[PDB]
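Undergrad: File final_24.cif below, mmCIF, N, CA and C atoms:
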```
data_model
#
loop_
_atom_site.group_PDB
_atom_site.id
_atom_site.type_symbol
_atom_site.label_atom_id
_atom_site.label_comp_id
_atom_site.auth_asym_id
_atom_site.auth_seq_id
_atom_site.Cartn_x
_atom_site.Cartn_y
_atom_site.Cartn_z
ATOM 1 N N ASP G 52 16.830 84.966 -57.670
ATOM 2 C CA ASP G 52 17.792 85.667 -58.501
ATOM 3 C C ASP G 52 17.878 84.962 -59.860
ATOM 4 N N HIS G 53 18.661 85.527 -60.787
ATOM 5 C CA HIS G 53 18.998 84.854 -62.039
ATOM 6 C C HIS G 53 20.047 83.759 -61.863
ATOM 7 N N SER G 54 20.439 83.446 -60.628
ATOM 8 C CA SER G 54 21.203 82.236 -60.358
ATOM 9 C C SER G 54 20.299 81.011 -60.372
ATOM 10 N N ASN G 55 19.207 81.058 -59.612
ATOM 11 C CA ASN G 55 18.243 79.962 -59.530
ATOM 12 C C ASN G 55 16.914 80.475 -60.075
ATOM 13 N N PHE G 56 16.579 80.083 -61.301
ATOM 14 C CA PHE G 56 15.344 80.514 -61.941
ATOM 15 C C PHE G 56 14.809 79.372 -62.791
ATOM 16 N N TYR G 57 13.483 79.314 -62.924
ATOM 17 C CA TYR G 57 12.803 78.173 -63.533
ATOM 18 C C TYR G 57 12.032 78.646 -64.753
ATOM 19 N N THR G 58 12.472 78.211 -65.924
ATOM 20 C CA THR G 58 12.025 78.773 -67.186
ATOM 21 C C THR G 58 11.097 77.827 -67.936
ATOM 22 N N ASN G 59 10.440 78.389 -68.945
ATOM 23 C CA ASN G 59 9.568 77.660 -69.851
ATOM 24 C C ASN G 59 10.217 77.634 -71.228
ATOM 25 N N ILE G 60 10.263 76.448 -71.833
ATOM 26 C CA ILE G 60 10.991 76.224 -73.074
ATOM 27 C C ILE G 60 10.079 75.906 -74.245
ATOM 28 N N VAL G 61 8.768 76.058 -74.087
ATOM 29 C CA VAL G 61 7.813 75.554 -75.071
ATOM 30 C C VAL G 61 7.481 76.603 -76.130
ATOM 31 N N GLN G 62 7.424 77.880 -75.725
ATOM 32 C CA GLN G 62 7.286 79.046 -76.615
ATOM 33 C C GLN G 62 5.983 79.025 -77.411
ATOM 34 N N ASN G 63 4.938 78.412 -76.868
ATOM 35 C CA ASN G 63 3.682 78.238 -77.587
ATOM 36 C C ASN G 63 2.748 79.381 -77.206
ATOM 37 N N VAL G 64 2.525 80.301 -78.149
ATOM 38 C CA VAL G 64 1.607 81.415 -77.925
ATOM 39 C C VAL G 64 0.155 81.031 -78.147
ATOM 40 N N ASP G 65 -0.106 79.837 -78.683
ATOM 41 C CA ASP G 65 -1.478 79.388 -78.883
ATOM 42 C C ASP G 65 -2.126 79.011 -77.557
ATOM 43 N N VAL G 66 -1.531 78.070 -76.834
ATOM 44 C CA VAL G 66 -1.999 77.708 -75.502
ATOM 45 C C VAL G 66 -1.045 78.331 -74.479
ATOM 46 N N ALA G 67 -1.588 79.255 -73.675
ATOM 47 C CA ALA G 67 -0.831 80.169 -72.827
ATOM 48 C C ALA G 67 -1.784 80.925 -71.905
ATOM 49 N N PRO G 68 -1.343 81.371 -70.714
ATOM 50 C CA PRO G 68 -0.095 81.053 -70.017
ATOM 51 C C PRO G 68 -0.303 79.931 -69.018
ATOM 52 N N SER G 69 0.798 79.382 -68.495
ATOM 53 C CA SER G 69 0.897 78.280 -67.532
ATOM 54 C C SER G 69 0.388 76.943 -68.068
ATOM 55 N N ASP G 70 -0.128 76.889 -69.294
ATOM 56 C CA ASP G 70 -0.421 75.645 -69.981
ATOM 57 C C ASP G 70 0.523 75.435 -71.157
ATOM 58 N N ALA G 71 1.258 76.481 -71.555
ATOM 59 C CA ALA G 71 2.470 76.275 -72.336
ATOM 60 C C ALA G 71 3.472 75.454 -71.540
ATOM 61 N N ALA G 72 3.593 75.739 -70.244
ATOM 62 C CA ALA G 72 4.311 74.860 -69.335
ATOM 63 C C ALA G 72 3.492 73.593 -69.082
ATOM 64 N N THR G 73 4.092 72.676 -68.299
ATOM 65 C CA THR G 73 3.576 71.383 -67.820
ATOM 66 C C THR G 73 3.552 70.348 -68.960
ATOM 67 N N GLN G 74 3.767 70.792 -70.193
ATOM 68 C CA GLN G 74 3.872 69.888 -71.324
ATOM 69 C C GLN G 74 5.337 69.653 -71.660
ATOM 70 N N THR G 75 5.644 68.429 -72.076
ATOM 71 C CA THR G 75 7.023 68.010 -72.253
ATOM 72 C C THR G 75 7.358 67.903 -73.734
ATOM 73 N N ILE G 76 8.611 68.206 -74.050
ATOM 74 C CA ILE G 76 9.159 67.976 -75.380
ATOM 75 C C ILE G 76 9.717 66.560 -75.403
ATOM 76 N N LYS G 77 9.030 65.663 -76.101
ATOM 77 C CA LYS G 77 9.325 64.235 -76.047
ATOM 78 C C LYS G 77 10.292 63.870 -77.167
ATOM 79 N N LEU G 78 11.550 63.641 -76.803
ATOM 80 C CA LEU G 78 12.488 63.005 -77.715
ATOM 81 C C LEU G 78 12.173 61.518 -77.826
ATOM 82 N N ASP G 79 12.738 60.875 -78.843
ATOM 83 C CA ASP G 79 12.420 59.477 -79.091
ATOM 84 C C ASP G 79 13.189 58.566 -78.140
ATOM 85 N N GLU G 80 12.555 57.446 -77.784
ATOM 86 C CA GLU G 80 13.203 56.430 -76.964
ATOM 87 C C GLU G 80 14.163 55.569 -77.779
ATOM 88 N N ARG G 81 13.975 55.502 -79.101
ATOM 89 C CA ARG G 81 14.785 54.616 -79.934
ATOM 90 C C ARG G 81 16.227 55.099 -80.035
ATOM 91 N N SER G 82 16.435 56.409 -80.040
ATOM 92 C CA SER G 82 17.767 56.977 -80.164
ATOM 93 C C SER G 82 18.235 57.559 -78.837
ATOM 94 N N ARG G 83 19.550 57.556 -78.653
ATOM 95 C CA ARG G 83 20.190 58.222 -77.528
ATOM 96 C C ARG G 83 20.647 59.594 -78.005
ATOM 97 N N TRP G 84 20.183 60.637 -77.331
ATOM 98 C CA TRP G 84 20.279 61.994 -77.836
ATOM 99 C C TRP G 84 21.502 62.706 -77.271
ATOM 100 N N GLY G 85 21.722 63.925 -77.753
ATOM 101 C CA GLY G 85 22.838 64.740 -77.321
ATOM 102 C C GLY G 85 22.588 66.207 -77.591
ATOM 103 N N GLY G 86 22.940 67.066 -76.641
ATOM 104 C CA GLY G 86 22.634 68.475 -76.777
ATOM 105 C C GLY G 86 23.839 69.384 -76.677
ATOM 106 N N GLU G 87 23.953 70.326 -77.608
ATOM 107 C CA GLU G 87 25.022 71.314 -77.580
ATOM 108 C C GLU G 87 24.552 72.556 -76.835
ATOM 109 N N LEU G 88 25.350 72.993 -75.867
ATOM 110 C CA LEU G 88 25.003 74.115 -75.010
ATOM 111 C C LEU G 88 25.783 75.349 -75.446
ATOM 112 N N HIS G 89 25.089 76.480 -75.541
ATOM 113 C CA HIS G 89 25.675 77.732 -76.014
ATOM 114 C C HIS G 89 25.094 78.862 -75.178
ATOM 115 N N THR G 90 25.880 79.382 -74.242
ATOM 116 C CA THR G 90 25.388 80.293 -73.222
ATOM 117 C C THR G 90 25.847 81.722 -73.486
ATOM 118 N N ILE G 91 25.103 82.671 -72.914
ATOM 119 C CA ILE G 91 25.413 84.100 -72.973
ATOM 120 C C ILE G 91 25.210 84.680 -71.578
ATOM 121 N N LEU G 92 26.229 85.365 -71.052
ATOM 122 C CA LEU G 92 26.190 85.913 -69.702
ATOM 123 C C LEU G 92 26.377 87.423 -69.685
ATOM 124 N N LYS G 93 25.793 88.047 -68.662
ATOM 125 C CA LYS G 93 26.012 89.445 -68.325
ATOM 126 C C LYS G 93 26.070 89.558 -66.810
ATOM 127 N N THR G 94 26.963 90.409 -66.308
ATOM 128 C CA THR G 94 27.135 90.567 -64.871
ATOM 129 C C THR G 94 27.546 91.998 -64.551
ATOM 130 N N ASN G 95 27.405 92.362 -63.279
ATOM 131 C CA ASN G 95 27.782 93.684 -62.788
ATOM 132 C C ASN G 95 28.492 93.569 -61.441
ATOM 133 N N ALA G 96 29.416 92.623 -61.341
ATOM 134 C CA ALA G 96 30.041 92.320 -60.057
ATOM 135 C C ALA G 96 31.111 93.354 -59.728
ATOM 136 N N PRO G 97 31.063 93.971 -58.553
ATOM 137 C CA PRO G 97 32.093 94.936 -58.165
ATOM 138 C C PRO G 97 33.370 94.221 -57.732
ATOM 139 N N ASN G 98 34.383 95.022 -57.412
ATOM 140 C CA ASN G 98 35.654 94.475 -56.951
ATOM 141 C C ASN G 98 35.561 93.994 -55.511
ATOM 142 N N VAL G 99 35.091 94.856 -54.617
ATOM 143 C CA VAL G 99 35.007 94.567 -53.192
ATOM 144 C C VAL G 99 33.540 94.374 -52.842
ATOM 145 N N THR G 100 33.228 93.253 -52.194
ATOM 146 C CA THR G 100 31.851 92.919 -51.870
ATOM 147 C C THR G 100 31.817 92.030 -50.636
ATOM 148 N N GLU G 101 30.597 91.766 -50.166
ATOM 149 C CA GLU G 101 30.387 90.893 -49.019
ATOM 150 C C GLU G 101 30.317 89.427 -49.431
ATOM 151 N N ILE S 304 11.123 59.583 -60.007
ATOM 152 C CA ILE S 304 9.768 59.147 -60.322
ATOM 153 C C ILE S 304 8.776 60.290 -60.191
ATOM 154 N N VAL S 305 8.824 61.015 -59.076
ATOM 155 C CA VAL S 305 7.811 62.015 -58.766
ATOM 156 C C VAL S 305 8.004 63.236 -59.649
ATOM 157 N N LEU S 306 7.208 63.322 -60.704
ATOM 158 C CA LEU S 306 7.142 64.497 -61.561
ATOM 159 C C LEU S 306 5.794 65.139 -61.262
ATOM 160 N N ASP S 307 5.774 65.983 -60.238
ATOM 161 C CA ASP S 307 4.540 66.583 -59.769
ATOM 162 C C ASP S 307 4.311 67.895 -60.503
ATOM 163 N N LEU S 308 3.048 68.179 -60.793
ATOM 164 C CA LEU S 308 2.663 69.287 -61.649
ATOM 165 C C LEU S 308 1.809 70.268 -60.859
ATOM 166 N N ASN S 309 1.873 71.542 -61.249
ATOM 167 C CA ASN S 309 1.126 72.571 -60.535
ATOM 168 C C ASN S 309 -0.367 72.491 -60.823
ATOM 169 N N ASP S 310 -0.743 71.946 -61.983
ATOM 170 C CA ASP S 310 -2.152 71.758 -62.312
ATOM 171 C C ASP S 310 -2.798 70.692 -61.442
ATOM 172 N N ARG S 311 -2.040 69.665 -61.072
ATOM 173 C CA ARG S 311 -2.536 68.628 -60.183
ATOM 174 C C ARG S 311 -2.722 69.199 -58.781
ATOM 175 N N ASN S 312 -3.663 68.629 -58.033
ATOM 176 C CA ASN S 312 -3.833 68.947 -56.619
ATOM 177 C C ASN S 312 -3.659 67.639 -55.853
ATOM 178 N N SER S 313 -2.492 67.463 -55.232
ATOM 179 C CA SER S 313 -2.254 66.264 -54.437
ATOM 180 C C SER S 313 -3.020 66.326 -53.128
ATOM 181 N N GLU S 314 -3.194 67.528 -52.590
ATOM 182 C CA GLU S 314 -4.191 67.761 -51.560
ATOM 183 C C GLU S 314 -5.558 67.813 -52.217
ATOM 184 N N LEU S 315 -6.614 67.688 -51.416
ATOM 185 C CA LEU S 315 -8.038 67.812 -51.786
ATOM 186 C C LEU S 315 -8.498 66.647 -52.673
ATOM 187 N N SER S 316 -7.584 65.831 -53.191
ATOM 188 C CA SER S 316 -7.860 64.498 -53.687
ATOM 189 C C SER S 316 -7.783 63.460 -52.594
ATOM 190 N N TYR S 317 -6.942 63.693 -51.587
ATOM 191 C CA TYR S 317 -6.958 62.857 -50.399
ATOM 192 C C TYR S 317 -8.161 63.184 -49.531
ATOM 193 N N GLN S 318 -8.655 64.419 -49.616
ATOM 194 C CA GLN S 318 -9.846 64.784 -48.862
ATOM 195 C C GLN S 318 -11.082 64.108 -49.435
ATOM 196 N N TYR S 319 -11.142 63.964 -50.759
ATOM 197 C CA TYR S 319 -12.294 63.313 -51.365
ATOM 198 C C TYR S 319 -12.158 61.800 -51.365
ATOM 199 N N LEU S 320 -10.924 61.287 -51.367
ATOM 200 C CA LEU S 320 -10.717 59.846 -51.253
ATOM 201 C C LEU S 320 -11.156 59.338 -49.892
ATOM 202 N N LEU S 321 -10.897 60.114 -48.848
ATOM 203 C CA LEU S 321 -11.210 59.674 -47.500
ATOM 204 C C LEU S 321 -12.707 59.749 -47.226
ATOM 205 N N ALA S 322 -13.407 60.698 -47.845
ATOM 206 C CA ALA S 322 -14.855 60.754 -47.708
ATOM 207 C C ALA S 322 -15.542 59.615 -48.444
ATOM 208 N N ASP S 323 -14.885 59.032 -49.449
ATOM 209 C CA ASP S 323 -15.430 57.854 -50.112
ATOM 210 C C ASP S 323 -15.280 56.617 -49.239
ATOM 211 N N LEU S 324 -14.141 56.480 -48.559
ATOM 212 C CA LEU S 324 -13.876 55.268 -47.793
ATOM 213 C C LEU S 324 -14.678 55.243 -46.498
ATOM 214 N N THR S 325 -14.429 56.198 -45.614
ATOM 215 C CA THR S 325 -15.023 56.199 -44.287
ATOM 216 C C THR S 325 -15.897 57.432 -44.109
ATOM 217 N N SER S 326 -16.547 57.500 -42.956
ATOM 218 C CA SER S 326 -17.314 58.674 -42.594
ATOM 219 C C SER S 326 -16.393 59.747 -42.031
ATOM 220 N N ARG S 327 -16.936 60.949 -41.899
ATOM 221 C CA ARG S 327 -16.203 62.094 -41.381
ATOM 222 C C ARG S 327 -16.806 62.565 -40.062
ATOM 223 N N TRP S 328 -17.181 61.607 -39.213
ATOM 224 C CA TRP S 328 -17.646 61.877 -37.862
ATOM 225 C C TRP S 328 -16.701 61.353 -36.796
ATOM 226 N N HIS S 329 -15.720 60.545 -37.175
ATOM 227 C CA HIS S 329 -14.817 59.912 -36.231
ATOM 228 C C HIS S 329 -13.492 60.656 -36.206
ATOM 229 N N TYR S 330 -12.892 60.733 -35.026
ATOM 230 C CA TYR S 330 -11.694 61.530 -34.789
ATOM 231 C C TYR S 330 -10.524 60.573 -34.585
ATOM 232 N N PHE S 331 -9.842 60.248 -35.676
ATOM 233 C CA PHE S 331 -8.724 59.315 -35.655
ATOM 234 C C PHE S 331 -7.446 60.118 -35.455
ATOM 235 N N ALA S 332 -6.853 60.005 -34.270
ATOM 236 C CA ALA S 332 -5.810 60.921 -33.837
ATOM 237 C C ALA S 332 -4.438 60.630 -34.423
ATOM 238 N N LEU S 333 -4.267 59.568 -35.211
ATOM 239 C CA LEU S 333 -2.946 59.301 -35.775
ATOM 240 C C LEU S 333 -2.649 60.272 -36.905
ATOM 241 N N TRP S 334 -3.509 60.298 -37.920
ATOM 242 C CA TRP S 334 -3.323 61.172 -39.063
ATOM 243 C C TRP S 334 -3.853 62.571 -38.833
ATOM 244 N N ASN S 335 -4.226 62.910 -37.590
ATOM 245 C CA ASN S 335 -4.949 64.136 -37.243
ATOM 246 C C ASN S 335 -6.222 64.241 -38.075
ATOM 247 N N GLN S 336 -6.916 63.114 -38.189
ATOM 248 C CA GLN S 336 -8.130 62.971 -38.982
ATOM 249 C C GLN S 336 -9.281 63.557 -38.169
ATOM 250 N N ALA S 337 -9.366 64.886 -38.178
ATOM 251 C CA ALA S 337 -10.404 65.603 -37.448
ATOM 252 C C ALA S 337 -11.057 66.607 -38.382
ATOM 253 N N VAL S 338 -12.383 66.593 -38.433
ATOM 254 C CA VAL S 338 -13.136 67.159 -39.545
ATOM 255 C C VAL S 338 -13.594 68.565 -39.190
ATOM 256 N N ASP S 339 -13.317 69.518 -40.078
ATOM 257 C CA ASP S 339 -13.811 70.882 -39.928
ATOM 258 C C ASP S 339 -15.317 70.920 -40.138
ATOM 259 N N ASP S 340 -16.043 71.466 -39.168
ATOM 260 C CA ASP S 340 -17.478 71.636 -39.322
ATOM 261 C C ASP S 340 -17.942 72.865 -38.556
ATOM 262 N N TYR S 341 -18.860 73.607 -39.158
ATOM 263 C CA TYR S 341 -19.490 74.704 -38.451
ATOM 264 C C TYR S 341 -20.585 74.168 -37.539
ATOM 265 N N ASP S 342 -20.957 74.975 -36.554
ATOM 266 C CA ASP S 342 -22.103 74.648 -35.723
ATOM 267 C C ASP S 342 -23.361 74.950 -36.525
ATOM 268 N N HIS S 343 -24.281 73.988 -36.563
ATOM 269 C CA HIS S 343 -25.383 74.039 -37.520
ATOM 270 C C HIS S 343 -26.399 75.114 -37.163
ATOM 271 N N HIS S 344 -26.570 75.398 -35.879
ATOM 272 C CA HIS S 344 -27.509 76.424 -35.452
ATOM 273 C C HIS S 344 -26.870 77.797 -35.340
ATOM 274 N N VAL S 345 -25.625 77.952 -35.792
ATOM 275 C CA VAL S 345 -24.988 79.257 -35.845
ATOM 276 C C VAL S 345 -24.957 79.813 -37.259
ATOM 277 N N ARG S 346 -24.799 78.961 -38.267
ATOM 278 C CA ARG S 346 -24.837 79.434 -39.641
ATOM 279 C C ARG S 346 -26.267 79.776 -40.041
ATOM 280 N N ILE S 347 -27.179 78.816 -39.887
ATOM 281 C CA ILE S 347 -28.553 79.011 -40.340
ATOM 282 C C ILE S 347 -29.336 79.843 -39.328
ATOM 283 N N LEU S 348 -29.197 79.518 -38.038
ATOM 284 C CA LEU S 348 -29.725 80.276 -36.898
ATOM 285 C C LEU S 348 -31.243 80.470 -36.918
ATOM 286 N N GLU S 349 -31.990 79.404 -36.633
ATOM 287 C CA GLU S 349 -33.395 79.567 -36.289
ATOM 288 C C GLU S 349 -33.545 80.481 -35.070
ATOM 289 N N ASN S 350 -34.644 81.236 -35.047
ATOM 290 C CA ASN S 350 -34.847 82.306 -34.071
ATOM 291 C C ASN S 350 -36.179 82.062 -33.362
ATOM 292 N N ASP S 351 -36.349 80.843 -32.851
ATOM 293 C CA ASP S 351 -37.626 80.436 -32.273
ATOM 294 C C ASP S 351 -37.883 81.083 -30.915
ATOM 295 N N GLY S 352 -36.903 81.788 -30.364
ATOM 296 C CA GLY S 352 -37.158 82.538 -29.154
ATOM 297 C C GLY S 352 -37.142 81.700 -27.896
ATOM 298 N N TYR S 353 -36.925 82.360 -26.765
ATOM 299 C CA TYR S 353 -36.887 81.713 -25.463
ATOM 300 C C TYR S 353 -38.239 81.149 -25.050
ATOM 301 N N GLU S 354 -38.230 80.057 -24.291
ATOM 302 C CA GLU S 354 -39.437 79.514 -23.690
ATOM 303 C C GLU S 354 -39.778 80.328 -22.451
#
```
Kindly transcribe the structure held in the file into structure tokens.
TA:
Amino acid sequence: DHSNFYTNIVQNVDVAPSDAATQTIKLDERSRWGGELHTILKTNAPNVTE
Amino acid sequence: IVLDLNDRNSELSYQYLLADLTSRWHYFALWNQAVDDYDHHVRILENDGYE
């Protein structure tokens, strides 16, 4: 489901597919980093369900 | 530690490592070290006929 899904964050159309994955975005070891999260959701949950 | 990748094959590298170390004629029952082999006269099948 879209609850548990495994995505690719590299967005490289040059080397593709499945080799855009397996490569890492390497931040520097010298600095301690920080990330701002900004999410967007959509749902279709009914009132009464199992 | 274990960052395993889909491009890597963790299997079939142990198959080639073991063929480098020992032979594949011995049946070591701990690791279920038993070797797949066809019968040699069934694949090629000489047809020399009955005596």
Undergrad: Would you pick out the contacts of segment 66-79 of chain G at 8 Å or less, using all atoms listed in the file, so that residues sharing its chain but fewer than 6 positions from it are not included, and give the list as a PDB file with N, CA and C atoms, keeping the file's coordinate frame?
TA:
```
ATOM      1  N   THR G  58      12.472  78.211 -65.924  1.00  0.00           N
ATOM      2  CA  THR G  58      12.025  78.773 -67.186  1.00  0.00           C
ATOM      3  C   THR G  58      11.097  77.827 -67.936  1.00  0.00           C
ATOM      4  N   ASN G  59      10.440  78.389 -68.945  1.00  0.00           N
ATOM      5  CA  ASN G  59       9.568  77.660 -69.851  1.00  0.00           C
ATOM      6  C   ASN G  59      10.217  77.634 -71.228  1.00  0.00           C
ATOM      7  N   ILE G  60      10.263  76.448 -71.833  1.00  0.00           N
ATOM      8  CA  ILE G  60      10.991  76.224 -73.074  1.00  0.00           C
ATOM      9  C   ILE G  60      10.079  75.906 -74.245  1.00  0.00           C
TER      10      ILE G  60
ATOM     11  N   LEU S 308       3.048  68.179 -60.793  1.00  0.00           N
ATOM     12  CA  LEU S 308       2.663  69.287 -61.649  1.00  0.00           C
ATOM     13  C   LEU S 308       1.809  70.268 -60.859  1.00  0.00           C
ATOM     14  N   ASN S 309       1.873  71.542 -61.249  1.00  0.00           N
ATOM     15  CA  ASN S 309       1.126  72.571 -60.535  1.00  0.00           C
ATOM     16  C   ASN S 309      -0.367  72.491 -60.823  1.00  0.00           C
ATOM     17  N   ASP S 310      -0.743  71.946 -61.983  1.00  0.00           N
ATOM     18  CA  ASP S 310      -2.152  71.758 -62.312  1.00  0.00           C
ATOM     19  C   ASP S 310      -2.798  70.692 -61.442  1.00  0.00           C
TER      20      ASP S 310
END
```
Undergrad: On this file, the PyMOL selection byres (((chain S and resi 339 and name CA) around 12) and name CA) gives some set of residues; write that set as a PyMOL selection string.
TA: chain S and resi 318+327-330+335-338+340-342
Undergrad: Could you jot down the atom CA of residue 84 of chain G to atom N of residue 64 of chain G separation for me, Å, one decimal place?
TA: 25.5 Å
Undergrad: Could you tell me how far atom CA of residue 322 of chain S lies from atom CA of residue 349 of chain S, in Å and to one decimal?
TA: 28.8 Å
Undergrad: One decimal, in Å: what's the spacing between atom N of residue 304 of chain S and atom N of residue 82 of chain G?
TA: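 Taking atom N of residue 304 of chain S and atom N of residue 82 of chain G, their separation equals 21.0 Å.
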Undergrad: Write down as an mmCIF file with N, CA and C atoms, in the coordinates of the input the residues of chain S whose backbone DSSP state falls under helix (DSSP H, G or I).
TA:
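What follows is the written file selection-v4.cif:
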```
data_model
loop_
_atom_site.group_PDB
_atom_site.id
_atom_site.type_symbol
_atom_site.label_atom_id
_atom_site.label_comp_id
_atom_site.auth_asym_id
_atom_site.auth_seq_id
_atom_site.Cartn_x
_atom_site.Cartn_y
_atom_site.Cartn_z
ATOM 1 N N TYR S 317 -6.942 63.693 -51.587
ATOM 2 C CA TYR S 317 -6.958 62.857 -50.399
ATOM 3 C C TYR S 317 -8.161 63.184 -49.531
ATOM 4 N N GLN S 318 -8.655 64.419 -49.616
ATOM 5 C CA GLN S 318 -9.846 64.784 -48.862
ATOM 6 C C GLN S 318 -11.082 64.108 -49.435
ATOM 7 N N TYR S 319 -11.142 63.964 -50.759
ATOM 8 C CA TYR S 319 -12.294 63.313 -51.365
ATOM 9 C C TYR S 319 -12.158 61.800 -51.365
ATOM 10 N N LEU S 320 -10.924 61.287 -51.367
ATOM 11 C CA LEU S 320 -10.717 59.846 -51.253
ATOM 12 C C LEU S 320 -11.156 59.338 -49.892
ATOM 13 N N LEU S 321 -10.897 60.114 -48.848
ATOM 14 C CA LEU S 321 -11.210 59.674 -47.500
ATOM 15 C C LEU S 321 -12.707 59.749 -47.226
ATOM 16 N N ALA S 322 -13.407 60.698 -47.845
ATOM 17 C CA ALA S 322 -14.855 60.754 -47.708
ATOM 18 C C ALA S 322 -15.542 59.615 -48.444
ATOM 19 N N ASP S 323 -14.885 59.032 -49.449
ATOM 20 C CA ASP S 323 -15.430 57.854 -50.112
ATOM 21 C C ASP S 323 -15.280 56.617 -49.239
ATOM 22 N N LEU S 324 -14.141 56.480 -48.559
ATOM 23 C CA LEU S 324 -13.876 55.268 -47.793
ATOM 24 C C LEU S 324 -14.678 55.243 -46.498
ATOM 25 N N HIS S 343 -24.281 73.988 -36.563
ATOM 26 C CA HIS S 343 -25.383 74.039 -37.520
ATOM 27 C C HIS S 343 -26.399 75.114 -37.163
ATOM 28 N N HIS S 344 -26.570 75.398 -35.879
ATOM 29 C CA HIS S 344 -27.509 76.424 -35.452
ATOM 30 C C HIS S 344 -26.870 77.797 -35.340
ATOM 31 N N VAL S 345 -25.625 77.952 -35.792
ATOM 32 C CA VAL S 345 -24.988 79.257 -35.845
ATOM 33 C C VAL S 345 -24.957 79.813 -37.259
ATOM 34 N N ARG S 346 -24.799 78.961 -38.267
ATOM 35 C CA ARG S 346 -24.837 79.434 -39.641
ATOM 36 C C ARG S 346 -26.267 79.776 -40.041
#
```
